[PDB]
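Undergrad: Sending over a structure as structure tokens; questions will come in a sec.
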Amino acid sequence: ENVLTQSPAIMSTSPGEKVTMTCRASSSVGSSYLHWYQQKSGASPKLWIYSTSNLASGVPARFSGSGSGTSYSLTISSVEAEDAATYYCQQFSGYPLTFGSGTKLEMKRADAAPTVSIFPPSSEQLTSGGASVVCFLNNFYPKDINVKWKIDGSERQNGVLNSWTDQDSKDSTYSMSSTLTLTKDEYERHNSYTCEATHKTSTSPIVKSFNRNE
Amino acid sequence: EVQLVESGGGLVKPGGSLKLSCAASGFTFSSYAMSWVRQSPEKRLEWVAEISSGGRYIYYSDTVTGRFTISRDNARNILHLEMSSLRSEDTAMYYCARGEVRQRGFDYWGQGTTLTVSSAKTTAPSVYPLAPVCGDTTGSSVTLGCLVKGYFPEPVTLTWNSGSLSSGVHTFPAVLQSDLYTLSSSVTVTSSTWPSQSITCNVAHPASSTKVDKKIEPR
Amino acid sequence: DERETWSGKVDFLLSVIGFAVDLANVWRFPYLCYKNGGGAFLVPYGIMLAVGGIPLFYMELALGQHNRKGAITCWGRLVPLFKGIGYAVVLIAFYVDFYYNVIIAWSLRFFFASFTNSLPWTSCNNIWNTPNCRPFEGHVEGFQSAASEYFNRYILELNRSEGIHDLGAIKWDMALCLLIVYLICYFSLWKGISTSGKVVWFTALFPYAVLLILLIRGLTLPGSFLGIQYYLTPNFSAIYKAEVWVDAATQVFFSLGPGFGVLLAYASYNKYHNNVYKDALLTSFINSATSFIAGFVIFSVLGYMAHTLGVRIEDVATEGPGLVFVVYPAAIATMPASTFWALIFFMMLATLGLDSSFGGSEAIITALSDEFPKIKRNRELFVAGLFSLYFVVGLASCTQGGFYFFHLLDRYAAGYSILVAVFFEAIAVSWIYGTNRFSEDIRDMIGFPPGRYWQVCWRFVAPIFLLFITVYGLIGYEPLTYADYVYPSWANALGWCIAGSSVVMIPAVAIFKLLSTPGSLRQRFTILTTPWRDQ
Ligand SMILES: CC(C)CCC[C@@H](C)[C@H]1CC[C@H]2[C@@H]3CC=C4C[C@@H](OC(=O)CCC(=O)O)CC[C@]4(C)[C@H]3CC[C@]12C
Ligand SMILES: CC(C)CCC[C@@H](C)[C@H]1CC[C@H]2[C@@H]3CC=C4C[C@@H](O)CC[C@]4(C)[C@H]3CC[C@]12C
Ligand SMILES: OC[C@H]1O[C@H](O[C@H]2[C@H](O)[C@@H](O)[C@@H](O)O[C@@H]2CO)[C@H](O)[C@@H](O)[C@@H]1O
Ligand SMILES: OC[C@H]1O[C@H](O[C@H]2[C@H](O)[C@@H](O)[C@@H](O)O[C@@H]2CO)[C@H](O)[C@@H](O)[C@@H]1O
Ligand SMILES: *[C@@H]1O[C@H](CO)[C@@H](O)[C@H](O)[C@H]1NC(C)=O
Ligand SMILES: NCCc1ccc(O)c(O)c1
Ligand SMILES: [Cl-]
Ligand code: NA
Ligand code: NA
Ligand code: NA
Numbered sequence: 001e002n003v004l005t006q007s008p009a010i011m012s013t014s015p016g017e018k019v020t021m022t023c024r025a026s027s028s029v030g031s032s033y034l035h036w037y038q039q040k041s042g043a044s045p046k047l048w049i050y051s052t053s054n055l056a057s058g059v060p061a062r063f064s065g066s067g068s069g070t071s072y073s074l075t076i077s078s079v080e081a082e083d084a085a086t087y088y089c090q091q092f093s094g095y096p097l098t099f100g101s102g103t104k105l106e107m108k109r110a111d112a113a114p115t116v117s118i119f120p121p122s123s124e125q126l127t128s129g130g131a132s133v134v135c136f137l138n139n140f141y142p143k144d145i146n147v148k149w150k151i152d153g154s155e156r157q158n159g160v161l162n163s164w165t166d167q168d169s170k171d172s173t174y175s176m177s178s179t180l181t182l183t184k185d186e187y188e189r190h191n192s193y194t195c196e197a198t199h200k201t202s203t204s205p206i207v208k209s210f211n212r213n214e
Numbered sequence: 001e002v003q004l005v006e007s008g009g010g011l012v013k014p015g016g017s018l019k020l021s022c023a024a025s026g027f028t029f030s031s032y033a034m035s036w037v038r039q040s041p042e043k044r045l046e047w048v049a050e051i052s053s054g055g056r057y058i059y060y061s062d063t064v065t066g067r068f069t070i071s072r073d074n075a076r077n078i079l080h081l082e083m084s085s086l087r088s089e090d091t092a093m094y095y096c097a098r099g100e101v102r103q104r105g106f107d108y109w110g111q112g113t114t115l116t117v118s119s120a121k122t123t124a125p126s127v128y129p130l131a132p133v134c135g136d137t138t139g140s141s142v143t144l145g146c147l148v149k150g151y152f153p154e155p156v157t158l159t160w161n162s163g164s165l166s167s168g169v170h171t172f173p174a175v176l177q178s179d180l181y182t183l184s185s186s187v188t189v190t191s192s193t194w195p196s197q198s199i200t201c202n203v204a205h206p207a208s209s210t211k212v213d214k215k216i217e218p219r
Numbered sequence: 025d026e027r028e029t030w031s032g033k034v035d036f037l038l039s040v041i042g043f044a045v046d047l048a049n050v051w052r053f054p055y056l057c058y059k060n061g062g063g064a065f066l067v068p069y070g071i072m073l074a075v076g077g078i079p080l081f082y083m084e085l086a087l088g089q090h091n092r093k094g095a096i097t098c099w100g101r102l103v104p105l106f107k108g109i110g111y112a113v114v115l116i117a118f119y120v121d122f123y124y125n126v127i128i129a130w131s132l133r134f135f136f137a138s139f140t141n142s143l144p145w146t147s148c149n150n151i152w153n154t155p156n157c158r159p160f161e203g204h205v206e207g208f209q210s211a212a213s214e215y216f217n218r219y220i221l222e223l224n225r226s227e228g229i230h231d232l233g234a235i236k237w238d239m240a241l242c243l244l245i246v247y248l249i250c251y252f253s254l255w256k257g258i259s260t261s262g263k264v265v266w267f268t269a270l271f272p273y274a275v276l277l278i279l280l281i282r283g284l285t286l287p288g289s290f291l292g293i294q295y296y297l298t299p300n301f302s303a304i305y306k307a308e309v310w311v312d313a314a315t316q317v318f319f320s321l322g323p324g325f326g327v328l329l330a331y332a333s334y335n336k337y338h339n340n341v342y343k344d345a346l347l348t349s350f351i352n353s354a355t356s357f358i359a360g361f362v363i364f365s366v367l368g369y370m371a372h373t374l375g376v377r378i379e380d381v382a383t384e385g386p387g388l389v390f391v392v393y394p395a396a397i398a399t400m401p402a403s404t405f406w407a408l409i410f411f412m413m414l415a416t417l418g419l420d421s422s423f424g425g426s427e428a429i430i431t432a433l434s435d436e437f438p439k440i441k442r443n444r445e446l447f448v449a450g451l452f453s454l455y456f457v458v459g460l461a462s463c464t465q466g467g468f469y470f471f472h473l474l475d476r477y478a479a480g481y482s483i484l485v486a487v488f489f490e491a492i493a494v495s496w497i498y499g500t501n502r503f504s505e506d507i508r509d510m511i512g513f514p515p516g517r518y519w520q521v522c523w524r525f526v527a528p529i530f531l532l533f534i535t536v537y538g539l540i541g542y543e544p545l546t547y548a549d550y551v552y553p554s555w556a557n558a559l560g561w562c563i564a565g566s567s568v569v570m571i572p573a574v575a576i577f578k579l580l581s582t583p584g585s586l587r588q589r590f591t592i593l594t595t596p597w598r599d600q
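One line per chain: the protein sequences are L, H and A, in this order.
Using the deposited numbering, the letters of the first sequence correspond one by one to residues 1 to 214.
Using the deposited numbering, the letters of the second sequence correspond one by one to residues 1 to 219.
Using the deposited numbering, the letters of the third sequence correspond one by one to residues 25 to 161, 203 to 600.
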């Protein structure tokens, strides 16, 4: 198969800036058979550029594409946040047909510290035999964030589930959920519970805790 | 105008087999070669098979070749993919894509249909309300949450107050840990609206025929 | 299995350009412009080229490439009922090889005759001349130009034949000439497209070098502008006439050469996925462009004659062999460095005709090789045998009455044979096979389906275009005559066998195969209408 590699994998951009993504095929591809697809989060692909330079129907003129042989690129002259999506390239030159590895275009924004909420196990789950403590870190930039759990003063590592949301289409922010589950027995056997966020914003981590008594 | 609708698909035991259909409309379906392109949960686009206008020419990827069979009904305007001896790696959303001119690529795609291949067994979620701690009761905004735990397969459906409040809501994508999905959602309203007005988590897991509403109270 | 393919892409093109660019390009097209509306003729010519001509040309190339087999097999695998079509087409190509190569022979004959300080056809005082000879063309039939008598009373010796019944002695200078032709064809088509595909480089490209020199030589001549004036001067009055639309349609059809299985055969050596559609358009255009250019080469010289040589234009502006072997060499001999213009002119003629002859012969060799592996296994034998058969019968064409033979074949080899043969080709492909199937085949090769334009031309326009040619040409029918000689009733009927012998293959093969397969009538139709690749 003709393997198409794209770069970068992920890139951030401020609106109005110029973005460029590249596509490299392991074997040459005729410029008539190279195409580009834009897939928005949670939706299906859309044909974007075809025959290397040609804009599909509905595509704004701020997009263009070029290349030949083994190297092609898609270019957005002046970006819009509307443009944050993942871009795939494809070759129809030979079978089996192949799509490139994709390029995730994300929007750049000003840094933001997360707003951290903590929740203890519920009435209903405790009677179920499980106990899981949950921590929300909401609306922060940039994407990278690091959560640390502590029961008493000790750090707990194993037993955690972390989820990150897609970048918001409104404030261009990120949020993350962290869920520490224990046994009701382990849960009732310890003191207090703490969830602390480490983020580029603060030097010191943002903390949230509760005691089981109160 | 042109609409493509995939159907079929759901949970299947490894080694099993299943049959997807794509309902075409809005164009002469007989005039256009179609393909099946799939996207894994890791978001990789992979082409699967192509079938001609009159379905006299058929191409497969090496990965699915000999297990999958693509077919076409030009009378009823349907597209078919018959899969057999399925493997876990065949798990993906399956897209019905139309393109005829190779030089133009795939000019219309369907909404897709999801195929999950696991020996794992269906189970219903336990939905738990998330009520904040007592004190300090600030403010000016408060944040509630709803924890959907240990379910399978995807998808689920979470809304707050049956879709009334869409803002302040972050619904995190589900994460699979040991044959079970866990999902959560957070919602942030102003402290004046809660708990003055009722807030309830609405979850739906059709696979298990689960429908659950959880009112959040400050227990 | 897996057949050989062209050594390189240009080998194919030059083979197709070579086959299509022919003596008709020179002696018929410019005359048709002159005859109908000058430059305006290009309007009906161009329309006929767009709707009728190229779609057929495109069709044959696509089929030849996609079914990857020669004419007999290809139509066998397409619509088995109509496999006769493959036979017909290959048969027509067969008959033509008999009389056509004598044109190249005449060309070589004038070339050998062209080494000299004084060209033999200039004057009126030679032993072969008659007292009625005059130096240049006139409009009175009893009195012939010095160049006309050279060709007639010396080269041909046609004056010694009382008709087709009297053939007379074999001219061994022509017999020798005709041989050299088939020798050249032999070691060209010998080993197949490997060598053949190379040889066309000279024979396809040479004429353009010689057209270039003569285009300059002709335009630098006094009166040359008067010529271009006669060639291209617009009169759109002509465009209103049915005769003009028939002449345009007809020239276009016979120029692009569908119906010999040559385009079919040549394309069968193409790589499956190469873009044939690009090839058909590039090849088409180079063909008509050549005719247009050629017109200037002729009428510039034609004008020079009407100016300095004192001849009426209508007398020297003519079609067919007369233009090339009589009228043009007449002008050449009057100009400085005549011997050089003569040699390159005649070489151009020979090399114009050889590519064509090649392709026609290949349509046969290929078509039979794919049907009969015994043939495929030994090529050198088969073509040695075939050309030997061609040579022997072709001696009839080298007798003193040989022209009468040549003219007879020329009319009946395929005039109407090829017209119906293509008519079934189109009807079979478009309706019995189906266009949607053909289109689907092409999309698989090129990557995209033919536009609805071509589909309408293949399904409707072409067939109408085809019988437009035949009908308006049928109503104008007249018994075969050449120059005050009226061919006997029997010779006329002898021709109609030659004409009908190919075309009957269509209903004859249909009849035989329809009665060689079991089941009901309905279910044995479906057996013979189901294509090879579907099974
Ligand atoms: C007259 C000599 C000196 C120059 C050559 C003249 C022709 C080669 C020109 C005159 C009219 C032209 C045609 C005018 C209309 C078209 C339709 C066109 O169709 C398309 O636009 C392609 C897309 C599709 O229809 O599928 C293809 C070329 C064609 C046949 C042209 C082919 C070239 C043509 C025959
Ligand atoms: C006024 C007259 C003399 C103009 C002559 C034009 C000549 C030079 C033109 C006419 C046909 C042309 C050829 C047509 C076919 C091809 C195929 C292409 O893949 C390579 C170039 C090549 C080989 C062209 C070379 C140039 C060519 C030979
Ligand atoms: O060479 C003598 C004289 O006659 C020539 O005869 C022709 C003819 O083809 C054959 O007889 C053979 O001799 O080839 C010659 C080439 O034309 C020429 O016709 C003439 O020029 C020459 O003077
Ligand atoms: O054509 C070869 C032939 O040449 C002689 O006879 C000629 C004759 O001279 C020509 O003018 C023309 O009529 O063709 C004739 C054919 O016989 C020889 O006498 C003869 O042996 C030789 O074959
Ligand atoms: C002209 O020269 C050629 C040289 O090839 C010669 O054969 C010929 O006899 C010469 N002309 C005459 C009239 O002899
Ligand atoms: N215009 C000539 C086309 C042609 C077709 C078949 C032949 O065998 C041949 O010698 C020449
Ligand atoms: Cl022409
Ligand atoms: Na703690
Ligand atoms: Na021609
Ligand atoms: Na030729």
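All C-beta atoms, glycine included, are put in the ideal place defined by N, C-alpha and C.
Confirm the yes/no value for this check: CB of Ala479 (chain A), any heavy atom of ligand 9, distance under 7 Å.
TA: no
Undergrad: Following the continuous beta strand (DSSP E) through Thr154 (chain A), name the residue where it begins and the one where it ends.
TA: Careful: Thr154 (chain A) lies outside any beta strand (DSSP E) and carries neither H nor E.
Undergrad: Determine which residues of the region 120 to 135 of chain A have a Cβ less than 9 Å from any Cβ of chain H, and write them out in chain order.
TA: Residues: none.
Undergrad: Starting from the Cα of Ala556 (chain A), find the closest Cα among A:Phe470, A:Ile127, A:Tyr498 and give me that residue.
TA: A:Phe470
Undergrad: Ligand 9 and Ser320 (chain A): does the residue's C-beta get closer than 7 Å to at least one heavy atom of that ligand?
TA: Yes; taking the cut-off as 7 Å, the Cβ of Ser320 (chain A) has a heavy atom of ligand 9 nearer than that.
Undergrad: Which of the three DSSP states, helix, strand or coil, is assigned to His205 (chain H)?
TA: In this structure, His205 (chain H) counts as strand in the three-state DSSP scheme.
Undergrad: Just how far apart, CA to CA, sit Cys242 (chain A) and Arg444 (chain A)?
TA: 24 Å
Undergrad: Taking the alpha carbon of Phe533 (chain A) as the reference point, which residue from A:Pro553, A:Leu484, A:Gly516, A:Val568 has its own alpha carbon closest?
TA: A:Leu484
Undergrad: Mind listing which residues have their beta carbon within less than 6 Å of any non-hydrogen atom of ligand 3? Chain order is fine.
TA: A:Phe136, A:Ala137, A:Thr140, A:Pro144, A:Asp238
Undergrad: According to DSSP, is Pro129 (chain H) part of a helix, a strand, or is it coil?
TA: strand
Undergrad: Where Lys143 (chain L) and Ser163 (chain L) are concerned, what is the direct C-alpha to C-alpha distance, given to the nearest angstrom?
TA: 12 Å
Undergrad: Starting from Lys108 (chain L), trace the beta strand (DSSP E) both ways and give me its first and last residue.
TA: Careful: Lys108 (chain L) lies outside any beta strand (DSSP E) and carries neither H nor E.
Undergrad: Just to confirm, is the Cβ distance from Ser566 (chain A) to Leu73 (chain A) under 8 Å?
TA: no
Undergrad: Can you pull out the residues from the region 171 to 183 of chain H whose beta carbon lies closer than 9 Å to at least one beta carbon of chain L?
TA: Correct list: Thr171, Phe172, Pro173, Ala174, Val175, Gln177, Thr182, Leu183.
Undergrad: Does the CB of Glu100 (chain H) have a neighbour CB from chain A at under 8 Å?
TA: The beta carbon of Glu100 (chain H) falls within 8 Å of a beta carbon belonging to chain A, placing the residue at that interface.
Undergrad: Going by DSSP, what residues sit across from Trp47 (chain H) in a beta bridge?
TA: H:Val37
Undergrad: Applying the 10 Å Cβ sphere with the 16-neighbour rule, what's the burial state of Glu217 (chain H)?
TA: Taking all protein chains shown into account, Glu217 (chain H) has fewer than 16 neighbouring C-beta atoms within 10 Å of its C-beta and is therefore exposed.
Undergrad: Taking 7 Å as the line, does the beta carbon of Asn125 (chain A) fall inside it for any heavy atom of ligand 6?
TA: yes
Undergrad: Could you tell me whether any non-hydrogen atom of ligand 1 is closer than 7 Å to the CB of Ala313 (chain A)?
TA: no
Undergrad: Taking only beta-carbon atoms, is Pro114 (chain L) less than 8 Å away from chain H?
TA: Proximity of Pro114 (chain L) to chain H, defined by a Cβ-Cβ separation below 8 Å, is not satisfied.
Undergrad: Rounded to whole angstroms, what's the CA-CA distance from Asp179 (chain H) to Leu86 (chain H)? Just pull it up for me.
TA: 18 Å
Undergrad: Whole angstroms are fine: how far does the CA of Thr97 (chain A) sit from the CA of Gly110 (chain A)?
TA: Cα-Cα distance, rounded: 7 Å.
Undergrad: Quick one: complete alpha helix (DSSP H) runs, 4+ long, within the region 337 to 384 of chain A?
TA: Those alpha helix (DSSP H) runs which fall completely within the region 337 to 384 of chain A and span 4+ residues are 341 to 373, 378 to 381.
Undergrad: Can you check which of these residues, L:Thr203, L:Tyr141, L:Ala9, is closest to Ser101 (chain L) by C-alpha distance?
TA: L:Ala9
Undergrad: Three or more C-beta pairs closer than 8 Å, one from the region 140 to 156 of chain L and one from the region 184 to 197 of chain H: is that the case here?
TA: no
Undergrad: Which runs of the beta strand (DSSP E) spanning at least 3 residues fall entirely within the region 59 to 128 of chain L, listed in chain order?
TA: Taken in chain order, the unbroken stretches of beta strand (DSSP E) that lie wholly in the region 59 to 128 of chain L and span 3 residues or more are 63 to 76, 86 to 91, 103 to 107, 115 to 119.
Undergrad: Is the Cβ of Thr116 (chain H) closer than 8 Å to any Cβ of chain L?
TA: For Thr116 (chain H), the answer is no, since every Cβ of chain L falls outside 8 Å of its Cβ.
Undergrad: Going by other Cβ atoms of all chains shown within 10 Å of its Cβ, with 16 needed for buried, is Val207 (chain L) buried or exposed?
TA: exposed
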